[PDB]
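Heads up, the chain shows up twice below as structure tokens, two forms, tagged structure 1 and structure 2.
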Structure 1
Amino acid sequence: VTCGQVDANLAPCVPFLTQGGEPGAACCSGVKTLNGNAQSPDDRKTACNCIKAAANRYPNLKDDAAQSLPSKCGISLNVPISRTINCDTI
């Protein structure tokens, strides 16, 4: 797992994450790929810190969208999209 791959997986989600609505197919596919790469505990912690950087990057991140992304995409997301998550706890 690298932060560049994480950034790529999350790129189609930026509209949903910053404006609300629905994630859409491309966003959910990217998130599913990311989740499938964040399976081991170390992959999980690494992806988590990358995602934290991404969440802080996006202007006007909507916390409702970030919190709703897993259920809207149908995934048990192993790395929540959060600007503040303590990745040691993941």
Structure 2
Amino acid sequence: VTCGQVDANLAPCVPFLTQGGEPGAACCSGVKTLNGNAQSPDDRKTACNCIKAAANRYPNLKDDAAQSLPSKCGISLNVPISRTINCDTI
């Protein structure tokens, strides 16, 4: 898992992450792609830290949209969607 793939798959989610509403088909497709390609614990930790880096690159979006993104796209995660989670301690 590389952070470039994370960014490419989450790029269609920026409109929903800034303007709310419902995540489109492309954003949910990217979310499910990322979820299905991060299988092993190391893959999931890598993807989590890539997502944290991306969130650092967007430091002015609040959390609620990203919190509702997994349920809206039909996935379930074992971590909260938060800037302050520690990815390497699960």
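Between two forms, the rigid core is the largest collection of C-alphas that superpose within 1.5 Å. Structure 1 provides the reference sequence; residues are numbered from 1 along it.
Relative to the superposed rigid core, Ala11 undergoes a CA displacement smaller than 2 Å between structures 1 and 2.
Core-superposed comparison between structures 1 and 2: the Cα of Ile75 travels less than 2 Å.
In this core superposition, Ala26 moves its Cα by 0.3 Å between structures 1 and 2. Superposed on the rigid core, the forms differ at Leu61: its CA is offset by 1.3 Å between structures 1 and 2. Its Cα shifted by 2.1 Å between structures 1 and 2, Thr84 is reported here after superposition on the rigid core.
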